[PDB]
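Colleague: Residue numbers (PDB author numbering), protein chains in the order written: chain L, 2 to 107; chain L', 2 to 107; chain L'', 2 to 107; chain H, 2 to 121; chain H', 2 to 121; chain H'', 2 to 121; chain A, 2 to 392; chain A', 2 to 392; chain A'', 2 to 392. A prime marks a further copy of an entry chain. Beta carbons are placed, not taken as given, at the ideal position from N, Cα and C, and that holds for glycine.
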Amino acid sequence: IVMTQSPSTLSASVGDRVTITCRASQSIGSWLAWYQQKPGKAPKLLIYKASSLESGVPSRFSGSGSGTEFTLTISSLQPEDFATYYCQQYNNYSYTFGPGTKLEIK
Amino acid sequence: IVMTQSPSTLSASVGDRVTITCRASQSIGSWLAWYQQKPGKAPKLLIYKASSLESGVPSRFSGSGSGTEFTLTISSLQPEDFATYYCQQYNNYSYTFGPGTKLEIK
Amino acid sequence: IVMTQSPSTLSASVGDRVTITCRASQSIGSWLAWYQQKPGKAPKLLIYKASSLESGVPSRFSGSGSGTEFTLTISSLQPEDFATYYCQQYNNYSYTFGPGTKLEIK
Amino acid sequence: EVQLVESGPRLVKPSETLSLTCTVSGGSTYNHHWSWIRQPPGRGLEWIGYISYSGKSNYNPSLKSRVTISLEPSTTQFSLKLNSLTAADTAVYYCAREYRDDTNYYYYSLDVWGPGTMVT
Amino acid sequence: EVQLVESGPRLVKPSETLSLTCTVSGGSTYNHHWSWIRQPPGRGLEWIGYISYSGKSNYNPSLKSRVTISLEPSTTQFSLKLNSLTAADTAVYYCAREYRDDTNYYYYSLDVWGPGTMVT
Amino acid sequence: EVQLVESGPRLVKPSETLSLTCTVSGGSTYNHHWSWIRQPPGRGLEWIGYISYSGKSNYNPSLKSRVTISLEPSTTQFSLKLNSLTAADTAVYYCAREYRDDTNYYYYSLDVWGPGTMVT
Amino acid sequence: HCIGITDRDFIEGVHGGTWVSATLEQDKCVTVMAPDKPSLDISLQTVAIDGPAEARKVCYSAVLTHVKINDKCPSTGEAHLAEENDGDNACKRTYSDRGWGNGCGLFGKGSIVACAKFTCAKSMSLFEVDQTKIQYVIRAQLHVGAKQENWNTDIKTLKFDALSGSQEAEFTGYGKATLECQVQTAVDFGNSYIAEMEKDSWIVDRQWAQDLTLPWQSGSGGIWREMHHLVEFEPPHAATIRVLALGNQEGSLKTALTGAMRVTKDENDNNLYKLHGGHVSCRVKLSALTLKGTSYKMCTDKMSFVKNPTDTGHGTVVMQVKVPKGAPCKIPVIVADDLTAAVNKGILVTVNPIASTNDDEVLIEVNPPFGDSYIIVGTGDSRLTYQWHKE
Amino acid sequence: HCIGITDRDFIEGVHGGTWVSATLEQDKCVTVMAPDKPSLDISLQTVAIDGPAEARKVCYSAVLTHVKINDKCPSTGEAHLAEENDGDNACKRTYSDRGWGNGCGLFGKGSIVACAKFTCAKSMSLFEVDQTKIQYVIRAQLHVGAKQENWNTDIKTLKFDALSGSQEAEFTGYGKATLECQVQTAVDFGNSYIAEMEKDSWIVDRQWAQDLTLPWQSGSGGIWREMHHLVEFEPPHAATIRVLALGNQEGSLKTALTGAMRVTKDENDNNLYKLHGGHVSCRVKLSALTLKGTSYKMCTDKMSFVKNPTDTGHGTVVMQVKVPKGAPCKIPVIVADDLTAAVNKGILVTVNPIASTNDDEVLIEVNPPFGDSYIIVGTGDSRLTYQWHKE
Amino acid sequence: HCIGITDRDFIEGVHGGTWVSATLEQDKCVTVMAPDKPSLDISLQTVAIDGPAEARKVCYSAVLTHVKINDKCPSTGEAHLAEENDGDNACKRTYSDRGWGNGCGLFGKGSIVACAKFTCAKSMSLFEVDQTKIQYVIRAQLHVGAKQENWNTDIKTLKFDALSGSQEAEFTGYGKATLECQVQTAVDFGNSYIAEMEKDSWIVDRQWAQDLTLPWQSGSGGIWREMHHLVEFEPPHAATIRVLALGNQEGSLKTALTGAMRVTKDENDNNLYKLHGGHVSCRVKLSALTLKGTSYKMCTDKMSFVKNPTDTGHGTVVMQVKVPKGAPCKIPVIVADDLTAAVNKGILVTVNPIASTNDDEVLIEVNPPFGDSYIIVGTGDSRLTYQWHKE
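1) Tell me, please, whether the CB atom of residue 111(A') is closer than 7 Å to any CB atom in chain A?
2) Count the other CB atoms, across all protein chains shown, that sit within 10 Å of the CB of residue 101(A); report buried if there are 16 or more and exposed otherwise.
3) DSSP has residue 90(A'') in a bridge; who is on the other side?
4) Looking only at C-alpha atoms, which of 55(H'), 77(H'), 49(H') and 72(H') sits nearest to residue 66(H')?
5) Answer yes or no: the CB of residue 182(A) versus the heavy atoms of the ligand SAH, is any distance below 6 Å?
6) Would you give the residue range spanned by the beta strand (DSSP E) that residue 47(H') belongs to?
7) Check whether the Cβ of residue 110(H) lies closer than 7 Å to any Cβ atom in chain A'.
8) Decide yes or no for the touch test of the region 100 to 113 of chain H' against the region 46 to 66 of chain L: beta carbon pairs closer than 8 Å, at least 3 of them.
9) Tell me whether residue 231(A) sits in a helix, a strand or coil according to DSSP, three-state version.
10) Flag residue 20(A) as yes if its beta-carbon sits less than 7 Å from any beta-carbon of chain A'', otherwise no.
11) According to a CB-to-CB cut-off of less than 7 Å, which residues of the region 51 to 75 of chain H neighbour chain A'?
12) Starting from residue 83(A'), find everything on chain H with Cβ-Cβ shorter than 9 Å and list it in chain order.
13) So that I know if they touch, is there some Cβ in chain H' lying closer than 7 Å to that of residue 74(A)?
14) What residues from the region 72 to 105 of chain L' come within 8 Å of chain H, judged by C-beta to C-beta, listed N to C?
15) Using the rule of at least 16 other Cβ atoms within 10 Å of the residue's Cβ for burial, across every protein chain shown, is residue 15(L'') buried or exposed?
16) Under the three-state reduction of DSSP, which class applies to residue 152(A'): helix, strand or coil?
17) For chain A'', find out if any of its Cβ atoms is closer than 7 Å to the Cβ of residue 9(H''); answer yes or no.
18) Between the C-alpha atoms of residue 107(A') and residue 252(A'), what's the straight-line distance to the nearest angstrom?
19) Does the separation of the CB atoms of residue 24(A) and residue 282(A) fall below 7 Å?
20) Show which residues of chain L have a CB atom less than 7 Å away from the CB atom of residue 31(H').
21) If we cut at 7 Å on Cβ distances, does residue 191(A') have a partner in chain A''?
22) With 16 other CB atoms within 10 Å as the buried threshold, where does residue 90(L') fall?
23) So residue 209(A') is in the alpha helix (DSSP H); what residue range does that whole segment cover?
24) With distance defined between alpha-carbon atoms, name the residue in 270(A''), 368(A''), 391(A'') and 342(A'') nearest to residue 349(A'').
25) Take every Cβ of the region 10 to 21 of chain H', pair it with every Cβ of the region 8 to 23 of chain L, and state whether three or more of those distances are shorter than 8 Å.
26) Taking C-beta pairs closer than 9 Å, name the residues in chain L that residue 37(H') reaches, listed in chain order.
27) In the DSSP assignment, find the unbroken alpha helix (DSSP H) run with residue 255(A) in it and report its ends.
28) Against chain H'', which members of the region 20 to 37 of chain L'' pass a CB distance test of less than 7 Å?
29) In chain H'', which residues lie less than 9 Å from residue 241(A'') when you measure between Cβ atoms?
30) Using three-state DSSP, classify residue 133(A') as helix, strand or coil.
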């Protein structure tokens, strides 16, 4: 299974509502995870099973979608939130990551 | 020790108050048990130590007597209650059962 | 370290307030214990760390002092309290007892 | 939840030996008096006998000569062995637990039974 | 508090073998799928593979030929071994736990990660 | 409920050895400093010494030459051995526990005592 | 219709003013009469509780999410989850049988911990009534008839609560009026909560609500307490535990709430709770003037139960009787042991059951003794008789 | 004897009616006088609580039956009894040291469970008082003297509760009467239970009862909660546990109940609870007529304590003083700091302590300040003086 | 200054007496006028709670002493301390990993027990109010002016409580006086405690105090319950346990107590609690005589807020308005939705806001509706208007 993400890069400011899209080559149901990664640090699990938040992820984060197309949404952007966001299917092995979406400041 | 029971057979209808008697060859104190048995099934303990109910035997069942003569009493007969009732001394070994009292429908 | 006590003997009656003094050759801080002993019986711990009561010592007993000079006080003497009282430093080894103060009746 | 199950040869020929095994589940066999009782078709209940973890046993005087009851605590099961079998031994055989508590002094006689097996 | 730490030779020469060891603390390794993931400098994340206590494993098809992942439960650690090393293998290597609960049916994918080690 | 009991030869001849044994019940001897104290008839208390589970010991300087105190944790008991006995050693011997808590920092000195045995 | 003041209900002073004393019930009207003056209609409009503080919430439907487990082999230490430090989580610590068959170097009891997010799907809210703030509104207006010039016939709305029992209004002719009143409630609110469950609201006993075996939340919010009532941790096996949420308990509560009286929530305010029963006792202070009292004959003619005596919930019994031919008259009502001696042994709650005009339906509330009794309306042969059992 | 109305106690209107205002105490009588009319005797007959709802039962004597134990060797699983699922059973789960010496293939902690049937032999019942249903009965009859033709002298019994404060009666001459009354209780029932223990019943503090370390049962029945207060499970050995019931706690409760006031249960109803104290304030509405008030001289002559001042339980002090020669007169009563200045600093509970005829014994209730004070009855040299300490 | 009785406030009988009806507020004065008689000043001096019983203590600062531990190797039995039998001790029983490395002949779970002496350093006291004992003092004296011979102008101090609502005084001219009064409190004490913390005391909700996660002690003293709130036992290692006392919780309580109203403790008694709000409704009974009522014009001239409308704590709002030129006059006050229609929808707590003389500052208390409203003082163009939001 091959994952893709759009956009490759996003420029926003604090307070902005942002949305990132993830796509799978085929149906992965709801078995999608969203990870946040900052430079020089390991990826952190933010969303699991498409729309469930890890504890204790800020409730401004949300996720949605099933089957083929998925979206991560930040209602009110914050200084911490600037980072690279990877998606990952885990419906079947081998598990596959997306190429990622960088989120930087304006 | 030899146990006897009276009557050998009893015919009654639902709602009837019934009483069965058990007798030991010698004094067995209060060490008497009452068992209910249905065809093709193992005996079930209804009364222990002459007058104590097993959990959770319906409170329409009662037992009384000490030493030599004992009685089992059903205040209001029920469809379930139709069965063979055995008494058993357990004051000393060998433990002894009575020949039983069959209770059938009218 | 050498311990001394004053007086060597005390005569009092029930209800009397009494005070016994203990002294160390050098500073032992607050590491002093008070023991009560009756004839033919093992010593009993009454006070530890200069001013803390063992459970459940009657609250008429008190202790005070730090460093060099210490005092045990019984506000209202009782029949039980007639006995020999030993002090003991335990700042450093070897642990040392005082020669004791006998408390007898008038 | 203490349960007992008896098993073994349902078909035995005369003059033989009879090996029945009662398996206990839901509890250990350290306590209580582990017992065997039988009932001929249409006839009453006959108490055969008991064994305990200690090794103390008792058998019905009419049967004592032929009857052996043994206890294996390792697997929590106890065995009935009857010799010199006849047609009067044609019976349903139940194993049961005689509940005894020597700490609080409660004695419910035979409180837990097996379904029983028909032996001919 | 479950934590993972990866260690081993940070400096490896080509054509060699690569022996990395992930140490698990705060929990046993009886459950879950113990995994390795890597990330080349400036590039994305690549899932390498997993092993389980059972011995069931899976490897990424682009790597399957060279990659071995083993599990030692005695000391609660699991190992990554890469052979035929090249410059395309120059990467940061993380070990992670894929959380799986087959009793209540909860699956958080890779929930616990190590800080990762740079391998050149 | 921690209790100590001392036992051994109540009658000893001079020049001998003296073997007393303190038995601890109600608690293990891993903690605390297990001690011996004595009192000559009509005279005061003399602290003899202690041993710990570690093996660290201390003896009163006036006695150090002759005194041995050993610890056997297997049976939770500790022993006093006095050599070169004289008439000045004619005393009541108590064993006691010096309570020490190095986690919460509480030290009650000698909190539990034995009844003591008269040695002549 | 409104019921006229009797002579003893008012008192006129040589100097000063005149005072009327009246007990106002809901859905009933009292009128003050004066010679060549429009009659003054006074009625209890409503008795209400406005925005009672929330004391407790009781969860009857709980949902579990984010179930996580951690485990450790014997003698390796205590197993922990971060979720142990979060109040919205239900957690249990225990030990499972570990050994070689499940990844441990030695047989024994291994630490296992399990947490799950607790969210209450459906809860019952319990409200506390501030008795010093129970409100009541009294309506007063001159009786609208043929138009009279210079007579004000505006409706006057007087708002009270328990603390503010003295309010003021003004009428023409009658002049300035000072009303000093008090509320007597029909149920003891000191022993009660107002319980809200979905659409509905009841008056419930406090102790009953407190003794509920369900998770609860404080009035100042916070975490849900005693979550275990709706959260089950099954015995552990190997390195897992089954964590289940119990079933919805809506049925239990609703079943128990049948033996409890409802309370109406307002239609256009929709924050008020309006009580059905209660008395409001008033002293009306007017300047000195002449009032006209009305005498009342006792009802003699045959009456009938428009609505038969029925239980009200709070110990009392309500009936409605029609007075076809008796004219205006007071309805004689007693509650006795038998029909012969007929000595009253019950409490008449209703203040003066009087039918203004013929063919008028009148509410009568009564508190009968415990056991068997006879509710007797009227006297003589055409008297109404209704047997009753109270327990 | 009954005590006559004073002029200010009644008021006659130019038109309308006349109103009497009176505070009725138990065991005391108030009379309304009118020229060439039989006097009207009004008295507070009783104040009662009728069938209070049961809020809680508290067990102080518990008996255990049907003790059963189950056990399992280490690593064989959890031991269970069916009795674990029965609410009338007290159960404990724990672990005992098992090994070779007691039938197990390996040393370790073996699961052991024990249940026993819990039956409460003796319990204390706690009752909640519905304050809106506290009843009171007022007796009113013309003063029986020499027989007068056409005068009705029948006793009139008026039944009230807190909700029904307006009741009606009729007398000849005086005419129709409307009584509007209110109860003031002597103790706060909002903070109290009525506690029944065997034969006896007290008024107890709610919090005291709630804080009792004893098993309890809800008002809606069910299982006994916190049975552990009276059930002890000793540490397990091998495959048994000793299960003991604790001793009867009757002594503790009875000891604690001494510092609590009793309440009398009715003799022939035997469901009523009749209160000893309390005031009933009434406005009596009659049609306009002339009443005759009585003036009262203050008692001057030497009095005596028929019964010395004694504590009543609820903060007040009761005394009985005899008036031998003073005639009819009001008893002056104050409570001061000293006998010199004699400035009153206490609260006189009793409404108008008046002795009708000579050699009459009068009850006087007073609320003294905290600390030391002097109860002073009468004035001048023959004044009664009684020291008092309150805390 | 005192405010004069209006005609309707008093009523004089043809025979009998005259009755005055008045609602007394704190810090306000009511005067009864009579032709060629000194005016009679009556004022509510105080409303107090005297020595409320202690219901509960809640510890917020706890200190641990005498920490002791005992331990046993696996299969050697249960470890015990004597301190387990002492109520002033907090104890925990558990098991630690034992083996060869710490003095045990076999690996496994070894019994370890730890006790520590619990002493509460700082606690909050909760007091229960006996509502039947809430006291109030009424001051009554003839208006001091130029000295008149044979006129007594002594101050009369009348002490009441809820139970003793009828007290007596005497004045010259006016004669004997019987005051029959009742207290209406501003907060519901049935739902409340008086909470004492160091120097200060508040009125708090009962349920809030009950739901506190802190150790507590019963009203009858005894042991501290639920000590675990302030006592932490860390996991055991080898044969020890760390026992720590939690931090002082003073900050939490004080933070929570901001949203709670204070109560003043008396200056020279220093056991009384004096309430700020409340009404005392009185019927004053005098012998028949003529009183002089006063009429009141409504304030027309421009007023001003001496103190702007501010929250009082218990749902009401207090303001103070100055009347510079209006003379003596009643202040018109309503609370509406808007400034146009201006239909009153709030409750006026204050009884007759009247300014005696010019340049006089008057307190006005009002209960606005929930949401947005306008407090309107006066009428016409110079009317005071103040917006308000309640929630």
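Modeller: For this structure:
1) No, residue 111(A') lies away from the interface with chain A (no Cβ there is under 7 Å from its Cβ).
2) Around the beta-carbon of residue 101(A), fewer than 16 other beta-carbon atoms lie within 10 Å, marking it exposed.
3) Per DSSP, 118(A'').
4) Nearest in C-alpha terms to residue 66(H'), of all of 55(H'), 77(H'), 49(H') and 72(H'), is 49(H').
5) Because no ligand of any kind appears in the structure shown, any question about the ligand SAH cannot be addressed here.
6) For residue 47(H'), the uninterrupted beta strand (DSSP E) run begins and ends at 47 to 52, by DSSP.
7) Residue 110(H) does not count as touching chain A'.
8) Between the region 100 to 113 of chain H' and the region 46 to 66 of chain L, the count of Cβ pairs shorter than 8 Å is three or higher; the stretches touch.
9) Note: residue 231(A) maps to helix in three-state DSSP.
10) At least one chain A'' Cβ lies under 7 Å of residue 20(A).
11) Those residues of the region 51 to 75 of chain H that come within reach of chain A' (Cβ to Cβ, closer than 7 Å) are 54, 74 and 75.
12) Result: 2.
13) Closer than 7 Å to some Cβ of chain H', the Cβ of residue 74(A) qualifies, so yes.
14) Cβ contacts with chain H come from 87, 89, 91, 94, 95, 96, 97, 98, 99, 100 and 101.
15) Result: exposed.
16) DSSP places residue 152(A') in coil when its eight states are reduced to three.
17) It does not; no Cβ of chain A'' falls within 7 Å.
18) Roughly 49 Å separates the two Cα atoms.
19) A distance below 7 Å separates the beta carbons of residue 24(A) and residue 282(A).
20) Neighbours of residue 31(H') in chain L, taken as residues whose beta carbon is under 7 Å from its own, are absent, since the nearest beta carbon is some 20 Å off.
21) Yes, because at least one Cβ of chain A'' sits closer than 7 Å to the Cβ of residue 191(A').
22) Buried is the call here.
23) Run containing residue 209(A'): 207 to 211, per the alpha helix (DSSP H) assignment.
24) Checking every option, the nearest Cα to that of residue 349(A'') belongs to 368(A'').
25) Contact fails: fewer than three Cβ-Cβ distances are below 8 Å.
26) Ordered by position in chain L, no residue passes the 9 Å Cβ test against residue 37(H'), which lies about 11 Å from the chain.
27) Taken as a continuous stretch (DSSP letters only), the alpha helix (DSSP H) holding residue 255(A) covers 251 to 257.
28) Along the region 20 to 37 of chain L'', going in chain order, the ones with a CB nearer than 7 Å to a CB of chain H'' are 34.
29) The answer, in chain order, is 32, 102, 103, 104 and 105.
30) Helix.
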